[PDB]
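K.L.:
Right, I'll just put the structure down here and ask away after.
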Amino acid sequence: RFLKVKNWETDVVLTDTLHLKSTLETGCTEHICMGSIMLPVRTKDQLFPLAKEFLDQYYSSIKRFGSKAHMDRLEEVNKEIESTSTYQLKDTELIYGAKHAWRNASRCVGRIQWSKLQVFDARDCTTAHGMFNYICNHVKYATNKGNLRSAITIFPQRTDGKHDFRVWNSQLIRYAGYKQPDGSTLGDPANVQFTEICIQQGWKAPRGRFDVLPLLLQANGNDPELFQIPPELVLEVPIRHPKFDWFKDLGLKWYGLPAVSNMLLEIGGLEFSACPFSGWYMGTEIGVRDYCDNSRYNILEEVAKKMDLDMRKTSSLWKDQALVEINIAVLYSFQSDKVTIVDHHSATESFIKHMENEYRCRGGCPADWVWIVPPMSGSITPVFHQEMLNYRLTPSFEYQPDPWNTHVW
Amino acid sequence: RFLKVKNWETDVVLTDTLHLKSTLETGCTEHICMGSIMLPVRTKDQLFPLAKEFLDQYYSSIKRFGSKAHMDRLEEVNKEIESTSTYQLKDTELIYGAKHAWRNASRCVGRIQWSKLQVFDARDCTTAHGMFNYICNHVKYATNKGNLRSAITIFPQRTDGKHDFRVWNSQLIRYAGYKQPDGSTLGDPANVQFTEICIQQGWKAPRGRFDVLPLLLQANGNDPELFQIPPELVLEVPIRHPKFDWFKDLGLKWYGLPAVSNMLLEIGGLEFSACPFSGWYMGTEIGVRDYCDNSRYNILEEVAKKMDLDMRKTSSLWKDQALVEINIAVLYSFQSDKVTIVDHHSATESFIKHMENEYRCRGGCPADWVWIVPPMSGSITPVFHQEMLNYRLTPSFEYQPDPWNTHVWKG
Ligand code: HEM
Ligand code: HEM
Ligand SMILES: Cc1cc(N)nc(C[C@@H]2CNC[C@@H]2OCCN[C@@H](C)Cc2cccc(F)c2)c1
Ligand SMILES: Cc1cc(N)nc(C[C@@H]2CNC[C@@H]2OCCN[C@@H](C)Cc2cccc(F)c2)c1
Ligand SMILES: C[C@H](O)[C@H](O)[C@H]1CNc2nc(N)[nH]c(=O)c2N1
Ligand SMILES: C[C@H](O)[C@H](O)[C@H]1CNc2nc(N)[nH]c(=O)c2N1
Ligand SMILES: [Zn+2]
């Protein structure tokens with residue numbers, strides 16, 4: 001019930017007690033581990049225990065647990081739920097909640113940063129045009145001319161579930177994908193379905209390889225509307241290599257701002273279904289996953305050829321050699337253009353320091369090793385050798401399914 | 001019930017029913033996943049059900065379930081248990097059991113090979129000298145002058161737990177490690193403690209960087225005895241690089257035969273505490289883990305120095321660049337000397353084919369993603385994108401603690 005985690009490289013042992021505060025279910029059982037599975041309203045009765053649990057943790061954090069102001073706030077919230085079937089968070093509670101949802105995000109390697117998060121309260125937003133304005137401002141603030149700053153923008157909470165705010169896009173900034181008569185895919189194959197929905201709703205597609213998608217915004221449960229983010233707000237980086245002059249000839253670019261827009265933020269039982277957030281990239285996301293996944297831009301074969309490597313046998317490790325060069329290029333290009341990026345060595349080193357901080361100050365740190373270990377060079381980063389316990393704490397970010405299933409037009 | 005797994009690269013979905021035959025616990029609960037935790041005598045009462053479950057599985061596999069031969073064997077084993085507190089496996093059952101423990105080993109990427117396993121029955125062994133001879137024969141057979149063949153040697157099972165056979169070595173072939181007074185290590189830092197034990201037991205250590213360790217063998221719960229494997233039986237490969245001629249002067253070599261000697265084989269409730277087994281290497285084990293782990297030979301810096309990489313910032317990815325060249329060197333060296341080895345691209349592609357076949361014919365394939373995904377270039381292998389279900393089937397191989405912690409010294 002008190003659990004140990006060992007680092008096998010350093011022999012450092014840490015004791016986890018924080019897991020006893022976990023509430024939600026993992027998908028694992030005593031008989032079966034689902035650690036590698038990607039995907040393993042509320043009544044008046046359900047809501048007050050969730051609110052109380054959150055408010056207790058909040059008052060504890062500002063060292064006024066059990067105080068008159070603590071008790072008075074639970075009373076106020078209880079009265080509000082009984083009378084209105086929901087409640088409203090104070091600004092201080094919203095900021096605390098959002099920061100802790102990131103602190104609790106077990107799949108995030110970048111959580112050393114969790115307390116530096118700019119929270120934009122968009123709970124007064126009522127229309128899709130309002131949503132577009134908030135999102136442009138988020139984009140501009142976070143981008144900050146390349147000196148990226150972590151931010152979240154929080155739209156109104158769920159009510160009856162028929163008036164949801166949703167950003168239909170999976171990220172604020174992504175590239176279009178189109179199925180070709182030729183049979184191949186042009187652009188990002190990951191975005192073919194979404195690009196189609198955009199065209200159906202009226203988007204005039206440039207039909208290129210790196211077309212920034214428009215936002216499809218849903219306010220108050222209405223049908224979503226299309227908006228183009230001002231091109232001058234979307235900072236993009238041309239990819240070149242410090243040694244290979246031909247690398248720029250591939251015509252690769254990526255955008256500077258990673259901004260997740262499809263998750264659900266739960267704070268004290270309240271559900272924020274549109275809460276786009278952003279930080280900055282770890283280079284392997286772009287160089288390993290976006291560029292080299294077979295189902296993505298899939299560029300390994302082209303780079304390997306330009307490198308004149310022996311592609312006749314797998315054991316020459318041509319894929320591995322080209323992978324490294326692609327990742328050198330991504331980091332170099334971002335660094336040369338003064339756009340914030342972190343390499344996987346540096347990000348995982350910081351995460352180990354964050355884990356030790358959290359064990360020290362909080363009694364643990366939920367972490368999902370399958371996601372935390374980078375998709376290349378796993379065992380030469382310190383997280384590979386670090387045992388991690390994965391469990392679910394609230395406030396939380398949760399995946400939600402694409403709304404084009406949910407939505408009735 | 002039915003559990004589904006998806007491959008996120010192919011959208012291929014598979015359905016697991018095999019997990020319903022899982023008995024043992026994972027370490028995980030509804031509230032906590034322990035998937036990255038490395039370590040998450042029986043009564044008559046507990047033994048006959050385990051025996052029966054195993055014999056039922058064995059007789060099904062031979063299409064004789066419920067036959068007179070099946071029923072007679074259940075009866076025979078039941079009588080043996082009630083009267084002697086244990087029972088003996090037939091040779092055929094032992095072979096079946098050992099093959100299935102491999103087939104069930106969820107951390108093993110090499111399982112496409114499971115049904116091709118040479119089983120050496122060493123249950124007539126009585127002394128450490130006898131163990132030494134069996135192990136020499138296993139090494140010679142498995143090595144096969146570089147054309148490696150999978151094998152396992154099975155010593156007598158546990159009785160009262162006071163008479164255990166154990167190989168104290170974690171692998172049959174490993175290099176010594178020596179902590180120096182200045183805090184540095186000569187040789188393999190993974191083997192410092194075991195090396196100190198060998199020396200205490202009377203081994204004359206050459207004190208070099210790649211000294212093959214002697215075997216330390218316990219028969220019948222007696223104190224272990226030291227034996228040197230004949231050097232002519234230990235195949236080794238000097239490591240060189242196809243394009244970098246200075247790579248040879250790093251002085252690196254490795255042994256060809258990976259042979260795990262510290263695991264416990266459970267078949268039908270019986271416990272084989274000494275069951276050394278061997279296959280062949282995947283290149284990354286040596287080039288990534290043995291050479292490049294910080295707590296092992298730790299050669300990354302020296303290699304990248306010689307490659308004249310920019311080592312001022314981790315973001316030049318010098319470690320990644322040096323890692324790839326070291327792994328090319330290991331594969332090239334083994335291949336050039338005609339010693340069996342498999343690269344991680346080939347091994348993972350074969351594992352996916354194995355797993356898909358297993359889902360079709362067996363209803364599942366337990367797999368531990370944390371271990372199956374290679375320690376370099378993870379996502380450019382198909383296994384990275386494959387959802388896996390981890391659960392425990394028997395027969396099985398299990399970790400057991402090192403014997404020096406538990407051994408009752410007799411003197
Ligand atoms: C400050 C720089 C940040 C870095 C370097 C970083 C790093 C990462 C990385 C590499 C991943 C895995 C991404 C993937 O493979 O899809 C991730 C996941 C995630 N992070 Fe962060 N992160 C940062 C900021 C943030 C912020 C600001 C938040 C929320 C306020 C956040 C919450 C999450 C969540 C919920 C996931 C899982 C996403 C999913 O399930 O798709 N992170 N982080
Ligand atoms: C034939 C070629 C084989 C290949 C290429 C192969 C590959 C591997 C690899 C790469 C690992 C992980 C090693 C590590 O990180 O320590 C492993 C683990 C393992 N394999 Fe295999 N394997 C082979 C044969 C065998 C055989 C013959 C057996 C037993 C009969 C076996 C049973 C196991 C077990 C029990 C583990 C887990 C070891 C532990 O927990 O320490 N494998 N295999
Ligand atoms: C089925 C499924 C479930 C789930 N929870 N997430 C996904 C999204 C899948 C999971 N890895 C690939 C795809 O996301 C890529 C976007 N993630 C990055 C931008 C997150 C990020 C990084 C750095 C900073 C930051 F703020 C956010 C899919
Ligand atoms: C705490 C702990 C638990 C556990 N189950 N295993 C270990 C052993 C740890 C696990 N990775 C490092 C150390 O094994 C090194 C040996 N592994 C190879 C030889 C297995 C193998 C490969 C190829 C063929 C073959 F037959 C066997 C440690
Ligand atoms: C099947 C497996 O769980 C899946 O491919 C995971 C593995 N680890 C990952 N890790 C990160 N950071 N992001 C991912 O998308 C994935 N994909
Ligand atoms: C902490 C973590 O579980 C541990 O370092 C694991 C990760 N994956 C591994 N995978 C393999 N094949 N072998 C290992 O020793 C390990 N070590
Ligand atoms: Zn689990």
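Ordered as shown in the structure tokens, chains take letters A, B, and onward, while each chain numbers its residues from 1 and ligands are numbered from 1 in the order shown.
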Compile the residues of chain A that lie within 8 Å of chain B, evaluated using only C-alpha atoms, and express the compilation as JSON, numbers by chain.
P.N.:
{"A": [5, 9, 19, 22, 23, 24, 25, 26, 27, 28, 29, 30, 31, 32, 33, 34, 35, 36, 37, 38, 288, 289, 292, 293, 294, 295, 314, 315, 316, 317, 319, 320, 321, 323, 324, 327, 328, 331, 332, 343, 345, 346, 369, 370, 374, 375, 376, 377, 378, 379, 380, 387, 388, 389, 390, 391, 392]}
K.L.:
Per DSSP on the backbone, filter range 2-136 of chain A down to the residues in strand (DSSP E or B) and report them as a list in words.
P.N.:
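Written out, the strand (DSSP E or B) residues of range 2-136 of chain A are residues 3, 4, 5, 6, 7, 13, 14, 15, 16, 33, 118, 119, 120 and 121 of chain A.
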K.L.:
Next, write the just-selected residues to a file, as a PDB file, in the first residue's frame, keeping N, CA, C and O atoms as the atom set.
P.N.:
ATOM      1  N   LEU A   3       4.308   2.241  -1.781  1.00  0.00           N
ATOM      2  CA  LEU A   3       4.992   1.601  -2.913  1.00  0.00           C
ATOM      3  C   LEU A   3       6.352   2.202  -3.235  1.00  0.00           C
ATOM      4  O   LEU A   3       6.532   3.406  -3.152  1.00  0.00           O
ATOM      5  N   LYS A   4       7.297   1.353  -3.620  1.00  0.00           N
ATOM      6  CA  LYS A   4       8.655   1.789  -3.943  1.00  0.00           C
ATOM      7  C   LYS A   4       8.883   1.855  -5.448  1.00  0.00           C
ATOM      8  O   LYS A   4       8.420   0.975  -6.172  1.00  0.00           O
ATOM      9  N   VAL A   5       9.582   2.892  -5.911  1.00  0.00           N
ATOM     10  CA  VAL A   5      10.106   2.922  -7.281  1.00  0.00           C
ATOM     11  C   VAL A   5      11.615   3.090  -7.264  1.00  0.00           C
ATOM     12  O   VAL A   5      12.149   3.932  -6.544  1.00  0.00           O
ATOM     13  N   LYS A   6      12.291   2.280  -8.068  1.00  0.00           N
ATOM     14  CA  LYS A   6      13.745   2.244  -8.112  1.00  0.00           C
ATOM     15  C   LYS A   6      14.242   2.734  -9.465  1.00  0.00           C
ATOM     16  O   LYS A   6      13.652   2.414 -10.498  1.00  0.00           O
ATOM     17  N   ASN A   7      15.308   3.530  -9.454  1.00  0.00           N
ATOM     18  CA  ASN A   7      16.025   3.820 -10.674  1.00  0.00           C
ATOM     19  C   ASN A   7      17.164   2.803 -10.794  1.00  0.00           C
ATOM     20  O   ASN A   7      18.008   2.681  -9.884  1.00  0.00           O
ATOM     21  N   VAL A  13      16.007   4.905  -4.661  1.00  0.00           N
ATOM     22  CA  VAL A  13      14.664   4.382  -4.381  1.00  0.00           C
ATOM     23  C   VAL A  13      13.773   5.477  -3.775  1.00  0.00           C
ATOM     24  O   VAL A  13      14.171   6.168  -2.831  1.00  0.00           O
ATOM     25  N   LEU A  14      12.585   5.644  -4.345  1.00  0.00           N
ATOM     26  CA  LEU A  14      11.619   6.619  -3.856  1.00  0.00           C
ATOM     27  C   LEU A  14      10.342   5.901  -3.428  1.00  0.00           C
ATOM     28  O   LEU A  14      10.003   4.837  -3.965  1.00  0.00           O
ATOM     29  N   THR A  15       9.672   6.445  -2.419  1.00  0.00           N
ATOM     30  CA  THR A  15       8.444   5.859  -1.879  1.00  0.00           C
ATOM     31  C   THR A  15       7.227   6.671  -2.289  1.00  0.00           C
ATOM     32  O   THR A  15       7.127   7.858  -2.010  1.00  0.00           O
ATOM     33  N   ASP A  16       6.291   6.007  -2.946  1.00  0.00           N
ATOM     34  CA  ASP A  16       5.094   6.674  -3.384  1.00  0.00           C
ATOM     35  C   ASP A  16       3.947   6.494  -2.401  1.00  0.00           C
ATOM     36  O   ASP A  16       3.544   5.373  -2.120  1.00  0.00           O
ATOM     37  N   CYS A  33      -2.459  -6.410 -17.557  1.00  0.00           N
ATOM     38  CA  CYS A  33      -1.908  -5.067 -17.667  1.00  0.00           C
ATOM     39  C   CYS A  33      -2.215  -4.489 -19.039  1.00  0.00           C
ATOM     40  O   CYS A  33      -1.899  -5.099 -20.080  1.00  0.00           O
ATOM     41  N   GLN A 118       0.145  30.205 -17.997  1.00  0.00           N
ATOM     42  CA  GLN A 118      -0.688  31.367 -18.093  1.00  0.00           C
ATOM     43  C   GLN A 118      -2.085  30.867 -18.411  1.00  0.00           C
ATOM     44  O   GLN A 118      -2.286  30.159 -19.390  1.00  0.00           O
ATOM     45  N   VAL A 119      -3.048  31.216 -17.574  1.00  0.00           N
ATOM     46  CA  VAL A 119      -4.403  30.704 -17.733  1.00  0.00           C
ATOM     47  C   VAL A 119      -5.267  31.855 -18.275  1.00  0.00           C
ATOM     48  O   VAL A 119      -5.343  32.923 -17.658  1.00  0.00           O
ATOM     49  N   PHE A 120      -5.905  31.638 -19.425  1.00  0.00           N
ATOM     50  CA  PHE A 120      -6.834  32.613 -19.976  1.00  0.00           C
ATOM     51  C   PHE A 120      -8.255  32.153 -19.739  1.00  0.00           C
ATOM     52  O   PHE A 120      -8.691  31.124 -20.267  1.00  0.00           O
ATOM     53  N   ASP A 121      -8.957  32.909 -18.907  1.00  0.00           N
ATOM     54  CA  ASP A 121     -10.316  32.570 -18.517  1.00  0.00           C
ATOM     55  C   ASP A 121     -11.259  33.032 -19.624  1.00  0.00           C
ATOM     56  O   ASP A 121     -11.526  34.211 -19.754  1.00  0.00           O
TER      57      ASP A 121
END
K.L.:
Taking only C-alpha atoms and all ligand atoms and a cut-off of 9 Å, can you tell me which residues surround ligand 4, written as number ranges by chain?
P.N.:
A: 8; B: 38-39, 107-110, 150-151, 170-171, 257-260, 262-263, 277-282, 285, 289-290, 371, 397-401
K.L.:
Taking only residues of chain A that have an atom at most 6 Å from an atom of ligand 6, what is each one's shortest atom pair and its distance in Å to one decimal, using only C-alpha atoms and all ligand atoms, in chain and number order, as a Markdown table?
P.N.:
| residue | atom | partner | partner_atom_place_in_ligand_line | distance |
| --- | --- | --- | --- | --- |
| A:384 | CA | ligand 6 | 5 (O) | 5.0 |
| A:385 | CA | ligand 6 | 5 (O) | 3.6 |
| A:386 | CA | ligand 6 | 1 (C) | 4.4 |
| A:387 | CA | ligand 6 | 1 (C) | 3.9 |
K.L.:
Tell me, as number ranges by chain, which residues lie within 6 Å of residue 397 in chain A, counting only C-alpha atoms; anything in the same chain fewer than 4 positions away does not count.
P.N.:
A: 101, 264-265
K.L.:
Generate a file of the selected residues that holds C-alpha atoms, formatted as an mmCIF file, in the first residue's frame.
P.N.:
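Contents of out31.cif, freshly written:
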data_model
loop_
_atom_site.group_PDB
_atom_site.id
_atom_site.type_symbol
_atom_site.label_atom_id
_atom_site.label_comp_id
_atom_site.auth_asym_id
_atom_site.auth_seq_id
_atom_site.Cartn_x
_atom_site.Cartn_y
_atom_site.Cartn_z
ATOM 1 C CA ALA A 101 -4.420 19.054 -14.314
ATOM 2 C CA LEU A 264 -11.436 17.666 -21.576
ATOM 3 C CA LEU A 265 -10.336 19.431 -18.428
#
K.L.:
Restricting the calculation to only C-alpha atoms and all ligand atoms: of A:287, A:202, A:214, A:110, which residue gets closest to ligand 3?
P.N.:
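Using only C-alpha atoms and all ligand atoms, ligand 3 sits closest to A:110.
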K.L.:
Quick one: residues within 10 Å of residue 144 in chain A, only C-alpha atoms, excluding same-chain residues fewer than 6 positions away - as an MDAnalysis selection string?
P.N.:
chainID A and resid 138 233 235 339
K.L.:
Counting only C-alpha atoms and all ligand atoms, what residues are within 8 Å of ligand 1, given as an MDAnalysis selection string?
P.N.:
chainID A and resid 98:99 101:102 105:111 113:114 117 149:152 260 263 277:282 284:285 341:342 347 371:372 374 396:399
K.L.:
Between CA of residue 344 in chain A and CA of residue 382 in chain A, what is the spacing in Å?
P.N.:
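Taking CA of residue 382 in chain A and CA of residue 344 in chain A, their separation equals 10.1 Å.
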K.L.:
Run DSSP on the backbone and give me the residues of range 137-339 of chain A it puts in helix (DSSP H, G or I), as a PyMOL selection string.
P.N.:
chain A and resi 137-146+189-200+231-233+245-250+283-292+300-306+314-316+318-336
K.L.:
Identify which of the residues B:383, B:205, B:347, B:81 lies closest to ligand 5, counting only C-alpha atoms and all ligand atoms when measuring atom-to-atom distances.
P.N.:
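That would be B:383, the residue with the smallest distance to ligand 5.
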K.L.:
Might you pull out every residue within 10 Å of residue 362 in chain B, with only C-alpha atoms counted and same-chain residues fewer than 4 positions away left off, and present them as a list in words?
P.N.:
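With the cut-off at 10 Å, the set is residues 16, 17, 18, 355, 356, 357 and 358 of chain B.
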K.L.:
Write out as a list in words which residues come within 10 Å of residue 53 in chain B when counting only C-alpha atoms, dropping same-chain ones fewer than 6 positions away.
P.N.:
residues 268, 269 and 394 of chain B
K.L.:
Do you know which residues are at most 10 Å from residue 17 in chain A counting only C-alpha atoms, after dropping those on the same chain fewer than 4 positions away, and could you put them as a PyMOL selection string?
P.N.:
chain A and resi 1-4+21-22+359+362-365
K.L.:
Counting only C-alpha atoms, figure out which residue out of B:231, B:214, B:97, B:224 gets nearest to residue 407 in chain B.
P.N.:
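Looking at the shortest contact to residue 407 in chain B, the residue is B:224.
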K.L.:
With distances taken over only C-alpha atoms and all ligand atoms, which residue among A:43, A:348, A:60, A:195 lies nearest ligand 5?
P.N.:
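The answer is A:348, which sits nearest to ligand 5.
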